[PDB]
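Novice:
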Amino acid sequence: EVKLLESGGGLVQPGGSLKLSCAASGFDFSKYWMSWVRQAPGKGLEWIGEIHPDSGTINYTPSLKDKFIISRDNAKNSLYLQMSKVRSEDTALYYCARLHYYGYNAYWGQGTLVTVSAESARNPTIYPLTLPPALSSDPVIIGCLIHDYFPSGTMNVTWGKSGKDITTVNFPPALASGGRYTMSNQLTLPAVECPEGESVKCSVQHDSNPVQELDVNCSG
Amino acid sequence: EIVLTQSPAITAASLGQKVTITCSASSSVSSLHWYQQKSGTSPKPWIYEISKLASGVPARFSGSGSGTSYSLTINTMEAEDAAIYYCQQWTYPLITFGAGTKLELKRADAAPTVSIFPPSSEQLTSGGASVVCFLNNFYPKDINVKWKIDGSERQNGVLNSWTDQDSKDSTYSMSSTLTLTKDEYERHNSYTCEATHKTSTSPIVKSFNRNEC
Ligand SMILES: *[C@@H]1O[C@H](CO[C@H]2O[C@H](C)[C@@H](O)[C@@H](O)[C@@H]2O)[C@@H](O[C@@H]2O[C@H](CO)[C@@H](O)[C@H](O)[C@H]2NC(C)=O)[C@H](O)[C@H]1NC(C)=O
Ligand SMILES: *[C@@H]1O[C@H](CO)[C@@H](O[C@@H]2O[C@H](CO)[C@@H](O)[C@H](O)[C@H]2NC(C)=O)[C@H](O)[C@H]1NC(C)=O
Ligand SMILES: [Zn+2]
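Given below as structure tokens:
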């Protein structure tokens, strides 16, 4: 099956430059027109441009013609994007897509995040959200505070328990003052499903980093 | 060069009601396509070449139009159809995307459930103290949260995050985090989270008292 995997994203200094890559598999790359699309946090879709299968014709969004260079190998089955004098404004998920006839983006990658900042990377600290016996119950609400991390990236949060009446809410990251993000994850479950003395594990995965696990108590 | 206008920009439909959204172009386009996008996902190919449904699109969806004005229709609005819908034109050598239409599922009014969480002993060790308030399963989306420390309002160090419309419940959730120092936390005793929502005349208050121990 068709696969597109973008890499090369991460933290880049303002005024810097980087090259992104999109690895294609499960189709003969050499026969298809390929494109790049971007999406800034909370904004819509913006086309960057496209490349002809044999590199002869490269089309761009007129405004962006001045800072992006699209290229491809064909041997390596990779598509590239060179970004040259990166502004805070350029912070976005960059998606490569395989074009079909009539300029349709038939298959899309999962995107790679580019964070244009001077602020140093920081791993989250995870804290338990549990309330004392005389503060809540039925249903039980437990959580994991994922605090003070940068850049935002992709956060995978999984809980040790799942069911029909067990609800997970993953709150989108919020940016503080310093320039550090915080998110919270919450689990709601019937009190009968989370008795006192028992715990539920929250599993946090920040980007390609090892999982951070926390045992959260049903009651304080 | 070619401007696309999606209308309405923000819309709502009840379960089982017929919905039509439109995409109009400033000049004749060669082709037009639609994409669906949900919360933390890549855009999904939805309708291509004006009326063809992509691989796993439900039969309730249809695309129409020609020349300059195009439409997307949902015969029976389902809870899972609550998403952003993007139109896209192709006219060689350009591709342009519309600004998107946010489609919300119109549901019954629902008051938020407020829960207040005192700081962790683990965080307190670090010399930090985050007080977290969760506001769950409310409709409509509009809400105002206030924090009070010893009965007086606190504005700074408040982090707010709003959820995505749940598409099983068709509800919204919100988190409000007050971060203080261990010294600042230990100087006060009562912590209160108050929510203002249409479903109540008065504020929905949830508070805790930190004393003695
Ligand atoms: C990172 O993500 C996966 C989630 O995997 C899938 O399942 C959900 C329902 C679906 O919407 C997609 O997100 C994926 O298809 C984690 O998988 C789960 O985690 C635990 C391990 O801690 C397993 O024991 C569960 O069975 C497993 N899957 C399911 C059924 O949800 C993966 O581990 C996670 N990383 C972490 C540890 O946070
Ligand atoms: C993408 O490819 C086409 C090639 O046709 C370019 O179109 C030509 O260039 C200009 C403006 O588009 C026209 O005025 C010419 O008549 C076009 N055609 C010819 C004769 O080939 C288009 O400019 C290319 N580039 C991008 C970056 O938009
Ligand atoms: Zn073509």
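These protein sequence lines map, in sequence, to chains H and L. For the first sequence, the entry's author numbering begins at 1 and goes up steadily by one. For the second sequence, the entry's author numbering begins at 1 and goes up steadily by one. From the three backbone atoms N, C-alpha and C, an ideal C-beta is built for every residue, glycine too.
1) Can we count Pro124(H) as close to ligand 2, meaning its CB is less than 7 Å from some heavy atom?
2) The beta strand (DSSP E) spanning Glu122(L) covers which residue range?
3) In chain order, what are the residue ranges of uninterrupted beta strand (DSSP E) at least 3 long that sit wholly in the stretch 25 to 65 of chain H?
4) Is any heavy atom of ligand 1 found at a distance shorter than 7 Å from the C-beta of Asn185(H)?
5) Taking only beta-carbon atoms, is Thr182(H) less than 8 Å away from chain L?
6) Under a three-way DSSP split, which group does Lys168(L) fall into?
7) So is the beta-carbon of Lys65(H) under 7 Å away from any non-hydrogen atom of ligand 2?
8) Anything in chain L within Cβ reach of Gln186(H), meaning under 7 Å, just list it in chain order.
9) What do you get for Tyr94(H), buried or exposed, if any count of 16 or more other CB atoms within 10 angstroms of its CB means buried?
10) Could you tell me the distance, in whole angstroms, from the CA atom of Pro112(L) to the CA atom of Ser200(L)?
11) Which residue marks the beginning of the alpha helix (DSSP H) containing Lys182(L), and which one marks its end?
12) Thinking C-alpha only, which one of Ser190(L), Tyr139(L) and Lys182(L) is nearest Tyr172(L)?
13) By DSSP, does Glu196(H) sit in helix, in strand, or in coil?
14) Could you tell me whether the stretch 114 to 124 of chain H touches the stretch 139 to 156 of chain H, using the rule of 3 or more Cβ pairs below 8 Å?
15) By alpha-carbon positions, which one of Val57(L), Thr41(L), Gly40(L) and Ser39(L) ends up nearest to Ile47(L)?
16) Could you pull the DSSP bridge partners for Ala12(L) from this structure?
17) Any contact of the stretch 189 to 205 of chain H with the stretch 62 to 79 of chain L, i.e. 3+ C-beta pairs under 8 Å?
18) Do you know whose CA, among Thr61(H), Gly10(H), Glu196(H) and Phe29(H), lies nearest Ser88(H)'s CA?
19) Can you pull the chain L residues whose beta carbon is under 7 Å from the beta carbon of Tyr127(H), in chain order?
20) Would you mind reading off the limits of the beta strand (DSSP E) that contains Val86(H)?
21) Give a yes or no on whether the minimum CB-CB distance between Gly111(H) and chain L is below 8 Å.
22) Out of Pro139(H), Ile166(H), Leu4(H) and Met155(H), state which residue places its alpha-carbon closest to the alpha-carbon of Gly40(L).
23) Indicate whether at least one CB of chain H lies closer than 8 Å to the CB of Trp147(L).
24) Could you name the residues of the stretch 154 to 176 of chain L whose beta carbon sits closer than 7 Å to any beta carbon of chain H, in the order they occur along the chain?
25) For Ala54(L), does the three-state DSSP call read helix, strand or coil?
26) What separation, rounded to the nearest whole angstrom, lies between the Cα atoms of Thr163(L) and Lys141(L)?
27) Could you tell me the alpha carbon to alpha carbon distance between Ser208(H) and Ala92(H), rounded to whole angstroms?
28) Interface residues of chain L around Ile69(H) at Cβ under 7 Å?
29) For the beta strand (DSSP E) holding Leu159(L), just list the boundary residues, first then last.
30) Check whether the Cβ of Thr96(L) lies closer than 7 Å to any heavy atom of ligand 2, and answer yes or no.
31) Please write down, chain order preserved, every residue whose beta carbon lies under 5 Å from a heavy atom of ligand 1.
32) Can you give me the C-alpha to C-alpha distance between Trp108(H) and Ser42(L), rounded to a whole angstrom?
33) Regarding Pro53(H) and ligand 2, is the C-beta to nearest heavy atom distance less than 7 Å?
34) Kindly indicate the opening and closing residues of the beta strand (DSSP E) around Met155(H).
35) Using C-beta distances below 7 Å, list every residue in its chain close to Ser14(L), excluding the 5 sequence neighbours before and after it, in chain order.
36) Distance, Cα to Cα, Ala12(L) vs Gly44(H)?
Specialist: If we stick to the structure as given:
1) What you label residue 124(H) is simply residue 124 of the first sequence in a count that begins at 1. No, the Cβ of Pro124(H) stays beyond 7 Å of every heavy atom of ligand 2.
2) Locating residue 122(L) in the second sequence gives position 122, where the first residue counts as 1. Taken as a continuous stretch (DSSP letters only), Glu122(L) belongs to no beta strand (DSSP E), being part of the alpha helix (DSSP H) at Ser121 to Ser126.
3) You should have 34 to 39, 45 to 51 and 58 to 60.
4) As a working mapping, residue 185(H) is identified with position 185 in the first sequence. No - ligand 1 has no heavy atom lying nearer than 7 Å to the Cβ of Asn185(H).
5) Locating residue 182(H) in the first sequence gives position 182, where the first residue counts as 1. Taking Cβ atoms only, chain L reaches closer than 8 Å to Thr182(H), which makes this a yes.
6) One-based indexing of the second sequence puts residue 168(L) at position 168. It is coil, neither helix nor strand.
7) As a first step, residue 65(H) is located in the first sequence; it is residue number 65 there, counting from the start. Checking the Cβ of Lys65(H) against ligand 2 gives yes.
8) Counted from its first residue, the first sequence places residue 186(H) at position 186. Ordered by position in chain L, the residues that pass the 7 Å Cβ test against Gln186(H) are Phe134.
9) Start at 1 with the first residue of the first sequence, and residue 94(H) comes out as number 94. So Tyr94(H) ends up on the buried side.
10) Locating residue 112(L) in the second sequence gives position 112, where the first residue counts as 1. Locating residue 200(L) in the second sequence gives position 200, where the first residue counts as 1. Approximately 10 Å, taken between the alpha carbons.
11) The residue given as residue 182(L) occupies position 182 in the second sequence. Note, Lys182(L): alpha helix (DSSP H), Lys182 to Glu186.
12) The residue labelled residue 172(L) in the question sits at position 172 within the second sequence. Ranking the options by Cα distance to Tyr172(L), first place goes to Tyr139(L).
13) Translated into the one-based positions of the first sequence, residue 196(H) becomes position 196. Three-state result, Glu196(H): coil.
14) yes
15) For the purposes of this step, residue 47(L) is taken as the residue at position 47 of the second sequence. The candidate whose alpha carbon is nearest that of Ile47(L) is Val57(L).
16) Locating residue 12(L) in the second sequence gives position 12, counting from the first residue. Bridge partners of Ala12(L): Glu104(L).
17) With a cut-off of 8 Å, the stretch 62 to 79 of chain L and the stretch 189 to 205 of chain H do not count as touching, because too few Cβ pairs lie within range.
18) In the first sequence, the residue the question calls residue 88(H) occupies position 88. If we check each option's Cα against that of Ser88(H), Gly10(H) comes out closest.
19) As a position in the first sequence, residue 127(H) is number 127, starting the count at 1. Below the 7 Å Cβ cutoff, chain L contributes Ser120, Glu122 and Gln123 as neighbours of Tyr127(H), in chain order.
20) To locate residue 86(H), count along the first sequence from 1; it is residue 86. Counting along the chain, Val86(H) falls outside any beta strand (DSSP E), and DSSP gives it neither H nor E.
21) Locating residue 111(H) in the first sequence gives position 111, counting from the first residue. Yes, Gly111(H) lies at the interface with chain L (some Cβ there is under 8 Å from its Cβ).
22) In the second sequence, residue 40(L) corresponds to position 40, counting from 1. That would be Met155(H), whose Cα lies nearest to the Cα of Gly40(L).
23) Taking the second sequence and counting its residues from 1, the one referred to as residue 147(L) is at position 147. Chain H contact via Cβ: absent.
24) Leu159, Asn160, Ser161, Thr163, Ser173 and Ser175
25) Start at 1 with the first residue of the second sequence, and residue 54(L) comes out as number 54. Here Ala54(L) sits in coil by DSSP.
26) As a working note, residue 163(L) is residue 163 in the second sequence. As a working note, residue 141(L) is residue 141 in the second sequence. Roughly 9 Å separates the two Cα atoms.
27) To locate residue 208(H), count along the first sequence from 1; it is residue 208. To locate residue 92(H), count along the first sequence from 1; it is residue 92. Using only the alpha carbons, I get a separation of about 18 Å.
28) Walking along the first sequence from the start, residue 69(H) turns up at place 69. Near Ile69(H) there are no residues of chain L at all, since even the closest Cβ is about 17 Å away, more than 7 Å.
29) The residue given as residue 159(L) occupies position 159 in the second sequence. Segment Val158 to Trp162, the beta strand (DSSP E) holding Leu159(L).
30) To locate residue 96(L), count along the second sequence from 1; it is residue 96. No, ligand 2 has no heavy atom inside 7 Å of this Cβ.
31) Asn156(H), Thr158(H), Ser203(H), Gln205(H) and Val211(H)
32) Here residue 108(H) refers to the residue found at position 108 when the first sequence is read from its first residue. Here residue 42(L) refers to the residue found at position 42 when the second sequence is read from its first residue. Taking the straight line from one Cα to the other gives about 7 Å.
33) By 1-based counting over the first sequence, the position of residue 53(H) is 53. False, no ligand heavy atom lies under 7 Å from that Cβ.
34) Taking the first sequence and counting its residues from 1, one reaches residue 155(H) at position 155. That run of the beta strand (DSSP E) goes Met155 to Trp159.
35) Your numbering for residue 14(L) matches position 14 in the second sequence. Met77 and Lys106, listed in sequence order.
36) Against the second sequence, residue 12(L) aligns to sequence position 12. Against the first sequence, residue 44(H) aligns to sequence position 44. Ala12(L) and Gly44(H): Cα-Cα distance of roughly 19 Å.
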